[PDB]
J.: 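One structure, as structure tokens, below. Some questions next.
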Amino acid sequence: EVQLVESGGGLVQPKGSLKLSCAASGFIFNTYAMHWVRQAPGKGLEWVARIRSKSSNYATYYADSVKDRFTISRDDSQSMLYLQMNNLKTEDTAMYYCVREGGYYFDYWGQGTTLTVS
Amino acid sequence: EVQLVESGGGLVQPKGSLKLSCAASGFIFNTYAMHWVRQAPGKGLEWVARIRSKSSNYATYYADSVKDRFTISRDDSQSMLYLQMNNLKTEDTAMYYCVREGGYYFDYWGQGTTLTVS
Amino acid sequence: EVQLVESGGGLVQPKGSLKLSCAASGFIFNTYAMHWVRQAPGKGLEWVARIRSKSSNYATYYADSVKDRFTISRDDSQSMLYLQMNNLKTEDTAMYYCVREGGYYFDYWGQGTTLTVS
Amino acid sequence: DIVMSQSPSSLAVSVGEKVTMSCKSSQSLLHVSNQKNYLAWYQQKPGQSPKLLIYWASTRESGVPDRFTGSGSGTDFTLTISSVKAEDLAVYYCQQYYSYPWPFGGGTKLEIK
Amino acid sequence: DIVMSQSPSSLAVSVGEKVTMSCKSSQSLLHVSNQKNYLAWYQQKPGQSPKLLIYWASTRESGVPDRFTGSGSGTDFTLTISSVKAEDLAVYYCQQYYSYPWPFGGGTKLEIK
Amino acid sequence: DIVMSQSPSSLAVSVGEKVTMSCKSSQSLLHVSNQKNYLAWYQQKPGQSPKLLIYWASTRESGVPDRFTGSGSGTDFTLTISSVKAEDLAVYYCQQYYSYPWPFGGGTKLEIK
Amino acid sequence: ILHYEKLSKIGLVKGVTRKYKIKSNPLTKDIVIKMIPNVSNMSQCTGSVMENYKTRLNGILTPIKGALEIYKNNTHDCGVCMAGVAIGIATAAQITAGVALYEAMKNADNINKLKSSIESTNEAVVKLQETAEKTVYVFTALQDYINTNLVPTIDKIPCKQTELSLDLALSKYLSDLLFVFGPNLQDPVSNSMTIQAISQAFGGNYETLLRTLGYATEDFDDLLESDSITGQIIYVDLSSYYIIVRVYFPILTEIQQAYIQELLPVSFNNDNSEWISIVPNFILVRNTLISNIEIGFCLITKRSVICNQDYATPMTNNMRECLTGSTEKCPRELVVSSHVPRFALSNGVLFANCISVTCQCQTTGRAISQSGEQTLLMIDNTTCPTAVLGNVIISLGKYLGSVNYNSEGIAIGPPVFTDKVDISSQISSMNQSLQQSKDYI
Amino acid sequence: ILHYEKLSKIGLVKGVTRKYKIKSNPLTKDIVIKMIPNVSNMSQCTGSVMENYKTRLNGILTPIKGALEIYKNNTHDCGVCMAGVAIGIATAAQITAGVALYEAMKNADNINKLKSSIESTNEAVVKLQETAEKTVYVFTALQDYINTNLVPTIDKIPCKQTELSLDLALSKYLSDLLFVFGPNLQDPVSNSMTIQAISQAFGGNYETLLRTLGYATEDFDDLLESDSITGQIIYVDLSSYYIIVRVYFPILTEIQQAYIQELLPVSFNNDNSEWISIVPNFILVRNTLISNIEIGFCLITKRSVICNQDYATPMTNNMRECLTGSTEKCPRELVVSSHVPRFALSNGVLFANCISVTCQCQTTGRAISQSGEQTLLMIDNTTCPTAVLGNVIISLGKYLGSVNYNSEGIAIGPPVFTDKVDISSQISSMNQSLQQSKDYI
Amino acid sequence: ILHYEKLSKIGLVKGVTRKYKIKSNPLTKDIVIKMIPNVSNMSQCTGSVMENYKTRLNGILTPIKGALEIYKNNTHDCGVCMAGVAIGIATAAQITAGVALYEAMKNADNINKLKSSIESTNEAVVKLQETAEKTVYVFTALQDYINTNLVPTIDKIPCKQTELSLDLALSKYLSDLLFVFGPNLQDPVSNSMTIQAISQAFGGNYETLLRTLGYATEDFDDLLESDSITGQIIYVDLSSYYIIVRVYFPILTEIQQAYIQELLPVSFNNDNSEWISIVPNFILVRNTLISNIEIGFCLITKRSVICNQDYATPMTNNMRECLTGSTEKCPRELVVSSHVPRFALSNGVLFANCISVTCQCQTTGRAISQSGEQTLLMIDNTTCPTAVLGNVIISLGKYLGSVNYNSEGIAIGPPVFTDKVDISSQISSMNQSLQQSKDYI
Ligand SMILES: *[C@@H]1O[C@H](CO)[C@@H](O)[C@H](O)[C@H]1NC(C)=O
Ligand SMILES: *[C@@H]1O[C@H](CO)[C@@H](O)[C@H](O)[C@H]1NC(C)=O
């Protein structure tokens with residue numbers, strides 16, 4: 001029922017930019033907060049960014065490593081989530097997951113998309 | 001005992017101006033609020049303007065038809081009431097009454113003065 | 001134990017200036033408020049000026065006769081009290097006392113120093 | 001603003017007969033605290049100034065004859081004359097003085113047969 | 001910020017054996033008013049996305065088999081499998097969602113003998 | 001400002017005699033909360049600095065002989081010596097320290113016969 | 001015109017609706033209360049305790065008669081006429097009570113002609129029926145105890161013990177009486193004193209007085225418990241030691257186009273915290289006018305609120321706007337305790353904070369989940385026919401209102417602190433900030 | 001220096017003036033209270049209820065003795081010397097009470113030599129008069145009931161019923177006692193407990209104790225009702241189950257140049273509305289200093305206010321300025337109820353809101369009319385010798401003050417709301433407005 | 001993390017530390033209370049008072065059964081199942097109490113099989129022991145009085161007096177009962193009513209009930225005085241006139257890492273004036289979290305604070321900062337009375353306002369002087385081994401803290417006024433000043 005599909009990954013040059021997209025279906029999109037979570041190849045999980053709903057004035061939160069380079073946004077009419085990334089480094093090559101937050105815990109996970117920087 | 005005498009009425013040209021006066025006697029003038037009430041020939045009574053006492057900062061009220069054309073004023077030292085009228089129209093031909101307000105109802109009425117616009 | 005020693009008095013010309021000093025010992029200086037009290041030759045005692053401690057923001061008070069001519073100051077590190085006097089008149093020739101205030105009454109008195117204006 | 005209506009516009013009555021006229025308001029005139037109705041009845045004889053008859057809902061002005069009676073509450077009010085004399089030939093008005101703009105009624109003319 | 005630690009990093013178990021892993025936090029995760037612990041356990045199989053197993057301290061997500069048990073309080077938490085099957089080959093993570101920045105644990109890999 | 005007055009200006013006493021002097025204020029010196037009088041008596045011998053004798057209305061400073069007694073309340077205060085010795089040749093001042101400008105009295109000179 | 005949907009979304013779930021009724025139109029009766037018992041059948045060894053008791057009772061009763069004499073001397077026929085110069089200082093209630101006191105004097109004078117019969121009663125309750133004009137009831141304070149305990153014991157124990165027992169009983173009666181009839185009674189002219197307080201002169205047995213006088217119903221119990229049955233002292237005798245009391249029995253009248261609405265508070269979730277709205281729990285509506293009510297002085301039953309006086313109080317404009325839909329003007333307070341209500345039932349529909357409490361549906365076996373962005377959940381049988389919350393399993397009805405209740409958010413209000421010391425601290429902080437702002441100006 | 005004319009124009013009509021007096025200079029007496037009765041004349045079938053009662057009473061009485069032992073061990077002659085290290089933590093009142101407790105020990109030791117005589121009393125009130133040094137009174141809690149009820153019935157009913165009756169009486173006595181002498185009594189060292197609370201160990205009969213000890217007057221009743229007669233426990237016996245109590249009898253001293261002024265509130269008219277001033281109704285004046293007073297703790301009589309302690313409280317500068325003539329600083333509140341006072345009488349002069357109430361003059365038969373611009377109306381005999389207000393007809397005196405009272409207006413104050421939730425809402429609104437103003441800054 | 005040195009310098013001297021404990025885990029027992037006595041041994045002349053008493057009692061008891069029938073009809077096995085549509089409106093506490101009421105029904109049905117034995121009891125306390133499953137106790141309201149007073153006096157007095165005495169006793173019992181069991185009892189389903197209030201159906205003798213049921217200790221008395229022992233009505237009989245009550249006995253559990261700190265206020269000197277800090281006197285600390293506590297609902301003993309419910313309340317940030325060291329944020333109030341505490345003892349160290357009180361040292365014979373710039377003086381044995389303050393001479397210990405305590409000043413807070421009318425006046429003044437500032441803006 002609940003479905004999250006990621007797109008936009010690929011190979012980029014260092015110091016470049018790329019935008020990732022997440023399409024959601026099966027639930028009322030404008031009720032929940034959304035997250036991006038990345039996993040480096042062979043390593044553990046790392047939280048990236050969080051965006052809240054309209055009732056909380058669309059508050060955004062970012063991790064330390066991507067605080068001034070990443071931007072998270074949402075479009076409630078199209079039920080879409082976007083992550084725009086600038087000044088990409090070799091440390092950003094990872095699998096990225098679109099995460100639906102239910103309650104205060106991470107409820108649903110997408111398939112993920114691959115970013116390679118070289 | 002209580003006496004109200006009106007003066008200053010007459011015949012004026014259209015788009016003219018005229019001032020009516022009311023002399024009060026037999027009571028303490030600066031305690032009460034005063035009113036002007038007009039009656040067209042053969043028609044009913046119509047309220048025009050109200051002025052309050054010094055304890056209520058001389059608040060003034062006007063009817064819709066004469067809101068920006070009429071001005072009501074009082075002089076407590078001479079115990080006089082004045083109604084200055086500008087931009088007179090053919091709808092203003094009437095008998096005007098100086099009214100003493102007692103309590104919140106209309107307590108005393110004068111003889112009235114005649115205004116003709118033609 | 002408690003000791004107050006005054007210095008700086010002498011003979012000055014009219015319309016001159018002079019500064020008196022008071023050295024305190026035997027007690028914690030920065031806890032108490034200090035006073036200057038003068039006595040004319042053969043006459044009674046007269047209060048001059050008061051300075052308070054650091055906890056009361058060093059508030060100062062002056063008598064009417066010396067309100068705009070005298071200045072009282074203190075130095076807590078050196079445990080010193082100073083009275084700077086400008087525009088001296090023939091009415092200021094007196095013996096001056098440095099007074100330690102204990103409680104709200106005058107606790108301790110110094111020996112005093114002599115000012116002559118001529 | 002509160003709109004005031006009167007009924008009937010005219011009425012013909014004989015000497016010694018009981019007569020009744022009605023006044024209606026679009027909103028309640030009853031005061032919340034002191035429980036008073038802010039309605040007045042005025043009388044105007046031909047060629048004369050208007051004169052106050054009833055200033056509260058049922059309180060008679062000094063000098064008014066005992067045959068005049070005011071009654072009612074809320075939005076419905078009634079003026080009743082038990083025995084109309086020849087001197088009651090006049091026009092009667094009901095007015096509300098609760099709030100701005102203090103409008104008068106249409107008036108009810110009385111006729112003698 | 002609250003730091004999460006997991007133990008052991010790796011552990012090899014046989015089929016039918018009982019297994020237990022531990023998660024520790026630098027600060028208490030217990031809520032003052034509703035008395036709930038803001039700790040979650042996730043499972044990630046090889047080549048698959050992570051899946052939520054326990055969302056409160058001891059509450060099982062729908063569809064989770066009954067052999068998984070979460071327990072603990074304060075700063076000490078434990079995940080216990082009564083009888084590990086061949087399908088439990090995965091990596092398990094503990095996470096705190098009490099406050100920013102919501103960090104994950106290091107992970108514990110399970111191996112089948 | 002409160003004005004302080006003393007009486008008498010001068011007084012001659014013999015050795016062993018009881019003596020009494022009076023001080024008056026234009027306003028009450030009694031404190032509202034702690035019920036204390038803010039009046040002090042000072043003594044100045046010829047050629048010496050003034051010395052505090054009484055700091056409250058009736059409380060003796062340490063080292064003061066037992067023969068000095070302060071008394072009074074409100075606006076009236078009294079200093080009494082039970083038996084004046086030859087060493088009591090001095091000038092006595094009453095002062096109020098309730099408020100600004102803390103004025104001294106006129107002074108009372110004592111003489112020995 | 002309360003907006004119940006938004007108020008429920010902010011945690012204020014609507015309760016029952018009650019009617020408003022006040023006392024009016026009292027009827028009057030008259031009784032005589034004797035404060036000294038008849039000891040003629042033990043007068044062999046009453047000792048001298050009766051004289052001391054009489055002295056103490058006279059000292060107690062003199063100021064009341066002195067207070068009544070002020071109005072009795074300055075009132076006459078005029079139809080009641082009062083001398084304002086002699087009275088000097090009074091309130092409107094005191095003047096009205098003095099008029100009533102003058103009105104009761106004819107019946108008081110009729111009763112006072114039976115003084116010899118009053119002085120000779122020897123039972124606890126006696127009916128005097130000389131003429132129909134003055135058919136009265138006399139109640140004696142300690143007659144039953146003397147008749148049933150001391151008299152039959154006279155020949156058994158030494159009667160020094162009987163004298164001591166009588167003295168102890170009289171002293172206990174005085175100790176009970178002094179709370180009501182002592183120097184606390186500063187204004188006996190008024191008629192606001194309840195029958196329960198008056199019954200302390202009869203040992204606190206107001207049931208006997210009310211049963212001897214009239215009847216009992218459910219409205220009688222409601223009148224009794226709302227402090228609507230009152231009495232007034234109209235005559236004091238300092239020689240036979242009795243009082244005459246006029247008792248008022250009103251009726252309850254219902255005020256038209258008025259009702260009282262109750263709100264049940266439920267905690268709600270916001271930013272990992274628990275909150276409670278600071279809103280009045282009882283609202284009075286009269287002719288579409290919204291106001292407060294001091295309900296602590298009234299009696300609350302299941303179907304109506306009963307008061308002896310109109311207790312309406314004004315309300316600010318911001319609170320009135322908050323009650324009509326402006327949820328951003330409704331204050332809220334943080335919850336730091338573990339004991340707060342977390343769900344409520346209204347019209348068969350559940351309103352629950354499922355973040356802090358465990359909600360699950362028995363029909364499907366699945367848990368009911370609340371997003372962290374939501375305040376409450378509304379649960380009805382369109383989604384969950386039967387819900388289990390701990391040890392209770394409850395079937396639900398159908399919600400009347402918006403079909404998209406759980407998909408629409410609400411605007412939150414500002415947090416507040418309601419502690420008294422916190423109120424003083426907040427006032428000081430605001431004053432200092434205002435002074436700084438003026439300093440910039 | 002209150003401006004009574006302007007305050008009356010704003011609806012605050014001056015009332016009576018009362019004197020201020022406080023307790024001081026107490027005298028002391030000592031009494032013994034026994035908490036267990038003598039059952040030697042029914043000891044054939046007391047059963048075993050006495051042992052259970054003794055166990056329960058010992059459990060009740062042990063903590064009080066433990067609390068007294070803290071001060072009794074650490075006090076000696078020095079003229080009273082105390083060890084501050086052993087005591088540790090205390091207040092000034094506790095230390096003063098400990099000094100008094102040490103002072104009472106000599107009389108306690110003198111009384112304790114009559115233990116055998118105390119244990120053998122079999123009457124409710126017994127005087128022990130061995131020597132004039134220790135002439136003491138002993139009060140036994142349930143002796144009268146046993147002497148007058150259970151003993152004479154010993155040969156009539158089966159005495160299993162007698163045992164059950166004794167058990168029930170003892171249990172009822174304990175149920176009454178536990179409210180005062182239970183774990184609520186945390187600090188028995190102090191001397192602030194009233195004689196009425198202490199009398200619960202004697203069945204609540206404080207009249208017997210006071211009559212046996214001293215005398216009774218009007219000032220005695222005023223002292224009793226102001227909670228000025230107190231007592232202190234100085235000795236507890238755990239073997240014979242009695243206590244020794246020291247009772248203090250103070251006197252009332254009048255404070256010079258001090259008085260208390262009362263104000264009667266009257267509703268007034270402004271802009272087709274009814275208003276009530278928010279001003280303290282009791283004002284304390286001491287040496288031309290104006291202050292508040294917490295009068296809920298005091299006793300109000302017709303001529304004086306009586307307190308057991310000074311209850312003066314500070315007042316803001318704005319309220320002090322309002323009371324001295326600045327009527328524009330006096331807050332007012334809207335009236336939405338139909339039950340408010342609308343006129344008052346002061347010095348034979350009427351102050352009435354004749355907009356809301358019907359005023360007319362009986363001398364001329366005409367109505368008394370108030371303008372819509374006026375707040376109140378002053379009525380005296382210069383204009384209306386006799387006024388009728390509904391069912392009351394009152395003759396009036398002459399007003400002392402300005403001859404042009406009704407021709408001079410007043411300046412009005414700002415409206416306020418006094419509800420607690422309204423107070424919180426107003427605080428939030430003011431804070432938000434201040435934040436917006438700072439945002440502009 | 002309270003800063004005790006600065007708080008002591010501002011007049012807040014630390015007191016004792018107490019533990020925090022709340023009730024939990026109750027056990028249940030069942031009792032039967034009969035509201036009508038057995039008069040079979042005086043039935044020759046009971047008259048007709050029993051019929052009238054039965055009618056009045058039935059009128060009293062009908063609404064309680066009506067209220068219980070709402071939950072009894074709509075509850076069944078599902079493990080407790082409720083119909084939310086039939087109930088309509090309820091709170092969470094009412095639903096939990098209804099679950100408990102359903103749980104008690106099996107034992108109620110077991111007890112109800114002994115109706116014939118219940119109706120025939122003729123003693124005040126009777127044990128029914130037919131089977132171990134339904135071993136129950138029956139308490140009858142007025143049986144002892146009838147057995148010990150009316151029956152033995154039958155042949156001595158005319159029994160018209162006996163009938164009147166019985167009528168008076170029944171009426172007095174009803175007068176006592178109506179306060180608890182009248183229309184005030186709106187929600188009998190709940191279980192928050194204490195055993196003391198329930199005992200009014202047995203004449204207020206809860207000691208007999210508790211002693212017949214269980215045991216007594218110190219924790220038992222602490223539970224009794226904290227209102228933790230409660231009861232619930234589960235069955236009402238309208239033919240035999242009895243009720244079945246389930247009594248709950250909880251235990252006290254101590255909360256870990258939590259304590260309550262007390263502060264003693266002392267007046268201090270500033271600018272020829274006397275001041276008192278406006279700070280909460282009881283502070284709750286739980287896991288290094290500081291909060292308020294509503295301690296008026298709790299029981300305070302020497303070593304712990306005992307409550308039947310968690311009573312933690314939030315605290316403002318400014319007050320929390322003031323309690324941790326920011327003395328410039330602590331409000332203060334002027335002292336205008338002559339009765340305030342002026343010194344305190346903590347850990348054998350004295351804190352005194354020696355400007356307003358006379359301090360001197362007995363060791364040297366010299367006075368202890370305080371500067372006009374200081375707030376308080378700390379006195380220990382380093383400077384003065386033994387201090388005399390009026391009539392008390394106290395030896396002192398050594399202070400733990402800074403050696404330069406008396407040489408270091410403190411920052412003062414802003415003055416406040418805590419009067420309610422003063423609060424309204426301050427709110428109006430601040431609003432007017434804010435309006436003026438906005439007018440400039
Ligand atoms: C009132 O009248 C009574 C009876 O004549 C008289 O004793 C009393 O002195 C009068 N005055 C007052 C104030 O009671
Ligand atoms: C006090 O003295 C008594 C009597 O010697 C002794 O039993 C007790 O232990 C001492 N200490 C306390 C704290 O009561």
Side-chain angles (χ1 to χ4, degrees), chain B residues 32-33 101-107, chain D residues 2 4 22-42 52-62 64 68-80 93-105, chain G residues 22 24 92 96 253 255-258 286-289 291 309-310 312 314, chain H residues 11 266-276 334-343 350-360 366-377 379 387-392:
Chain B
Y32 298 92
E101 183 191 304
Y104 286 107
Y105 46 88
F106 288 176
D107 225 352
Chain D
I2 307 175
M4 309 279 303
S22 185
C23 174
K24 225 150 280 213
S25 64
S26 70
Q27 279 162 75
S28 183
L29 304 179
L30 185 63
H31 198 281
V32 50
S33 75
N34 55 44
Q35 301 288 298
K36 267 156 134 41
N37 290 284
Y38 284 60
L39 182 119
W41 288 95
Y42 302 87
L52 172 68
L53 277 182
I54 323 286
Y55 49 94
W56 292 115
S58 55
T59 307
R60 270 201 308 281
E61 172 83 332
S62 100
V64 170
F68 291 94
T69 296
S71 62
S73 194
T75 57
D76 291 321
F77 301 94
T78 296
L79 175 67
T80 283
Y93 296 88
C94 76
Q95 193 223 13
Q96 71 102 354
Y97 49 93
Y98 198 74
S99 55
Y100 175 92
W102 313 278
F104 285 91
Chain G
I22 314 175
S24 65
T96 311
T253 205
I255 278 78
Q256 308 289 307
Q257 273 75 66
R286 302 174 300 171
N287 306 301
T288 72
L289 175 72
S291 83
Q309 139 186 6
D310 191 16
Chain H
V266 180
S267 86
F268 59 98
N269 161 256
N270 186 250
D271 291 349
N272 301 84
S273 270
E274 209 147 32
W275 302 89
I276 283 272
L334 181 72
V335 172
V336 303
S337 173
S338 56
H339 283 123
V340 279
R342 281 159 175 119
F343 63 93
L350 259 176
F351 301 82
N353 187 358
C354 288
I355 289 289
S356 69
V357 80
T358 300
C359 317
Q360 53 198 321
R366 306 271 291 241
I368 300 163
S369 295
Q370 170 176 338
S371 171
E373 311 291 291
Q374 291 166 309
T375 61
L376 272 94
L377 230 49
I379 307 163
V388 29
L389 290 94
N391 66 4
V392 60

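Values below: every heavy atom of this structure, side chains too, minus hydrogens, waters and symmetry copies. Residue numbers start from 1 in every chain, and the chains themselves are labelled A, B, ... in the order their sequence lines are given, proteins ahead of strands.
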J.: Flag the pair G:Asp310 / G:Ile255 as yes when at least one side-chain heavy-atom distance between them is below 4.5 Å, and no otherwise.
T.: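 When only atoms from C-beta onward are counted, G:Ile255 and G:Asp310 do not touch, as no gap falls below 4.5 Å.
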J.: Would you check if the side chain of D:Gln96 reaches a backbone N or O of D:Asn37 as a donor-acceptor pair within less than 3.5 Å?
T.: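 Checked: no pair found.
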J.: Looking only at heavy atoms, which two atoms of D:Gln27 and D:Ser25 are closest? And how far apart?
T.: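 It is O-OG, 2.7 Å.
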J.: To the closest 0.5 Å, what do you measure between CG (D:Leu39) and CG (D:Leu30)?
T.: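 Going from the CG atom of D:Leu39 to the CG atom of D:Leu30 covers 12.0 Å.
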J.: Going by atom types only, do D:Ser33 and H:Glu274 share a side-chain donor-acceptor pair under 3.5 Å?
T.: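 Yes, side-chain donor-acceptor contact under 3.5 Å.
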J.: Determine the minimum heavy-atom distance between H:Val336 and G:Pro314, stating which atoms define it.
T.: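 Residues H:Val336 and G:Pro314, closest heavy atoms: CG2-N, 3.8 Å.
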J.: What are the two closest non-hydrogen atoms of H:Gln370 and H:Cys354, and how far apart are they?
T.: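 Closest approach of H:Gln370 to H:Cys354, heavy atoms only: OE1-N, 3.0 Å.
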J.: Nearest 0.5 angstrom please: D:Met4 CE to D:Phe77 CZ, how far?
T.: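 D:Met4 CE to D:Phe77 CZ: 7.5 Å, rounded to 0.5 Å.
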J.: Do D:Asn34 and H:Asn353 have side chains that approach each other closer than 4.5 Å (heavy atoms only, starting at C-beta)?
T.: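 D:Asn34 vs H:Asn353: side chains apart.
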J.: Are the ring centres of D:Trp56 and D:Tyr38 closer than 6.0 Å?
T.: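 Yes - the distance between ring centres of D:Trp56 and D:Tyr38 falls below the 6.0 Å cut-off.
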J.: Minimum heavy-atom separation for H:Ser356 to D:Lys36, with atom names?
T.: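 Between these two residues, the closest heavy atoms are O-CD, 4.2 Å.
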J.: Is there a side-chain contact between D:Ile54 and D:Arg60, using heavy atoms and a 4.5 Å cut-off?
T.: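 SC-SC contact between D:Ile54 and D:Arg60 confirmed.
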J.: What are the two closest heavy atoms between D:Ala57 and D:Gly72, and how far apart are they?
T.: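 Reported closest heavy-atom pair: CB-O, 4.5 Å.
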J.: Distance-only, no hydrogens or angles: does the B:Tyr104 side chain make a donor-acceptor pair with backbone N or O of H:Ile355 under 3.5 Å?
T.: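 A pair under 3.5 Å: no.
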J.: Using the rule ring-ring contact (aromatic ring centres under 6.0 Å, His included), only one of D:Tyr98, D:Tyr100, D:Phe104 pairs with D:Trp102; which is it?
T.: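 Between D:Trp102 and the candidates, ring-ring contact (aromatic ring centres under 6.0 Å, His included) is satisfied uniquely by D:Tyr100.
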J.: Find the distance between CG (H:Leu376) and OG (H:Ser267) and round it off to the nearest 0.5 Å.
T.: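 Output value for this atom pair is 7.5 Å.
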J.: Do D:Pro103 and D:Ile2 have side-chain heavy atoms sitting under 4.5 Å apart?
T.: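 D:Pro103 vs D:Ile2: side chains apart.
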J.: What are the two closest heavy atoms between H:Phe343 and H:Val266, and how far apart are they?
T.: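 Heavy-atom minimum between the residues: N-CG1, 3.9 Å.
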J.: Below 4.5 Å, heavy atoms only, C-beta onward: do D:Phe68 and D:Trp41 meet side chain to side chain?
T.: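 D:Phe68 does not reach D:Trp41 side chain to side chain.
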J.: Side chain of D:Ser62, backbone of H:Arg366: donor and acceptor closer than 3.5 Å?
T.: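 Side chain of D:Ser62 to backbone of H:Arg366, a donor-acceptor pair under 3.5 Å: no, none is there.
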J.: Can you find a pair of side-chain heavy atoms, one from D:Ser99 and one from H:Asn272, that are under 4.5 Å apart?
T.: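 No - every pair of side-chain heavy atoms lies 4.5 Å or more apart.
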J.: Does D:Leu52 reach the side chain of B:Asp107, with side-chain heavy atoms less than 4.5 Å apart?
T.: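 In contact.
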J.: What distance separates H:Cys359 SG from H:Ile379 CD1, expressed to the nearest 0.5 Å?
T.: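 That separation rounds to 5.0 Å.
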J.: Using 0.5 Å steps for rounding, measure from the CG atom of D:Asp76 to the NZ atom of D:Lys24.
T.: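 The distance works out to 4.5 Å.
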J.: Within this structure, what is the CG-SG distance for the pair D:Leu79 and D:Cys23, rounded to the nearest 0.5 Å?
T.: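 It comes to 10.0 Å.
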J.: Run the side chain to side chain contact (heavy atoms under 4.5 Å, CB included) check on D:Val32 and G:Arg286 step by step: do they pass?
T.: CA-CA 10 Å; D:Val32 50; G:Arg286 302 174 300 171; 4.0 Å; yes
